[PDB]
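J.: an experimental structure, sequence included, is below.
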Amino acid sequence: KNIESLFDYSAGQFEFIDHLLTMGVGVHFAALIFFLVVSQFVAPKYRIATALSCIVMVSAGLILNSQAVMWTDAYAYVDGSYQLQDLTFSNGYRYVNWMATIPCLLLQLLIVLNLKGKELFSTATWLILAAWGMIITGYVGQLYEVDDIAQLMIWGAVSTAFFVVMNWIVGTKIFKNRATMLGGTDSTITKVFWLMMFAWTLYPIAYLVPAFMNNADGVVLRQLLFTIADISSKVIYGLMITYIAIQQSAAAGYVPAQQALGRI
Ligand SMILES: *C\C=C(C)/C=C/C=C(C)/C=C/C1=C(C)CCCC1(C)C
Ligand SMILES: CCCCCCCC/C=C\CCCCCCCC(=O)O
Ligand SMILES: CCCCCCCC/C=C\CCCCCCCC(=O)O
Ligand SMILES: [Cl-]
Ligand SMILES: [Cl-]
């Protein structure tokens, strides 16, 4: 049902996808340890933001590790190339977590934006329904990434509609709550928004490879496209969200944040 199952892979393509995925686990899980140790320097009101990154980290990494083992389970070197065996590989598992890490990333965004109470809950609900819409329509579309390209685009189209609306909610909330943010992070939060827009656009592009490059190299380009999109939407966005939390913590009087920031 997926383009990965259509081709045999050179040893170079197979080894490179395996190393991509394994490199991914390493980063997600090495970042994991960073978000853990620095959480003590984050004020109570922001510490959930760092913790959500830990959840994102382990959510992504467990998936990535699962994909790497499934990659090696599904193919074997036969007659000079890596060929599909009795198990299959697919990316659909990667949408399911997206269902999960995105609430979390939106939520740590909203926390450092100093949203609170009912506006936090009402904003989070709308975002999660809209991010969820993007993901699930997108997921139905790549189900047809072999059998029905026309239904690829239409679902991709529907998902893309959801995408635009979420980034409208996210954008509106950043620029209206820019003013509440402490220690100069009002300048920082706008870079975050643009960082997010870059790596979140990488995924549709990845989604569309079967339509414009339906061959084994396009299978590689996806997994490459996925790796950058993830490193940036999870790991780098995490780190940036964390610097904001610590900086606002220091500006709010949290002495462990003032000391950690001063230590460097
Ligand atoms: C792991 C974290 C994040 C933020 C991943 C996000 C994924 C997307 C923004 C992908 C969206 C899609 C679009 C807009 C249209 C086709 C279907 C996709 C799911 C690939
Ligand atoms: C900031 C995002 C970081 C992404 C790091 C991804 C690592 C990949 C680096 C470049 C790969 C270039 C090597 C070419 C692959 C050879 C493909 C083949 O064997 O046919
Ligand atoms: C298993 C994969 C092989 C590579 C091993 C993992 C290497 C991890 C590489 C560097 C991690 C960089 C992520 C940032 C760590 C937090 C500290 C910081 O940069 O602020
Ligand atoms: Cl506090
Ligand atoms: Cl994830």
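T.: Sure, I can see it. Residues are numbered from 1 along each chain as shown. Ligands and ions are numbered 1, 2, ... in the order given.
J.: contacts, neighbours, all on C-alpha from now
T.: Will do.
J.: ok but residue 83 is inside a strand, no?
T.: Yes: assessed with DSSP: H, G, I helix; E, B strand; the rest coil, residue 83 lies in a strand.
J.: now do it against ligand 4, distance only.
T.: Residue 83 sits 56 Å away from ligand 4, going by C-alpha to the ion, to the nearest Å.
J.: run through the bridge partners of that residue.
T.: Judged by DSSP bridges, the bridge partners of residue 83 are residue 76.
J.: mind listing what residue 86 touches?
T.: Residues near residue 86 by C-alpha atoms under 8 Å, 6 or more residues apart in numbering: residue 74.
J.: got the phi/psi numbers for it?
T.: phi -90, psi -20 (degrees, to the nearest 10).
J.: for the one 3 residues further on, same thing?
T.: Geometry field for residue 89 lists phi and psi as phi -120, psi 140, criterion degrees, to the nearest 10.
J.: that one reaches residue 5, doesn't it?
T.: Yes: using C-alpha atoms under 8 Å, residue 89 and residue 5 qualify as a contacting pair, with a distance of 7.2 Å.
J.: and the residue located most distally from the centre of the chain, how far is that from ligand 4?
T.: Farthest-out residue of the chain from its mean C-alpha position, per C-alpha atoms, centre = their mean: residue 79, at 37.3 Å. For residue 79, the distance to ligand 4 equals 63 Å [C-alpha to the ion].
J.: element containing the closest residue to residue 61 other than its chain neighbours?
T.: Closest residue to residue 61 apart from its sequence neighbours, by C-alpha to C-alpha, 6 or more residues apart in numbering: residue 25 at 4.8 Å. According to DSSP states H and E, residue 25 maps onto helix 11-38.
J.: just checking, what packs against that helix?
T.: On a contact count with 3 or more C-alpha pairs under 8 Å, 6 or more residues apart in numbering; DSSP states H and E, helix 11-38 meets helix 47-74, strand 81-84, helix 216-230.
J.: which of the ones you listed sits closest to ligand 5?
T.: Ligand 5 sits nearest to helix 47-74 of all the helices and strands packed on helix 11-38, at 3.3 Å, using C-alpha to the ion.
J.: now the closest one against helix 11-38, angle please.
T.: On the basis of axes from the mean of the first three to the mean of the last three C-alpha atoms, to 10 degrees, helix 47-74 is oriented at 160 degrees to helix 11-38.
J.: isn't residue 137 up against residue 158?
T.: Yes: at 6.6 Å, residue 137 counts as touching residue 158 under the criterion of C-alpha under 8 Å.
J.: phi, psi of residue 115?
T.: Backbone torsions of residue 115, given as degrees, to the nearest 10, read phi -70, psi 150.
J.: now it: how far from residue 173?
T.: 9 Å (C-alpha to C-alpha, to the nearest Å).
J.: just give me the neighbour total for the closest residue to residue 218 other than its chain neighbours.
T.: Leaving aside its sequence neighbours, residue 218 sits nearest to residue 209 (C-alpha to C-alpha, 6+ apart; 5.9 Å). By other C-alpha atoms under 10 Å, 20 other residues sit near residue 209.
J.: I appreciate the help and will end here.
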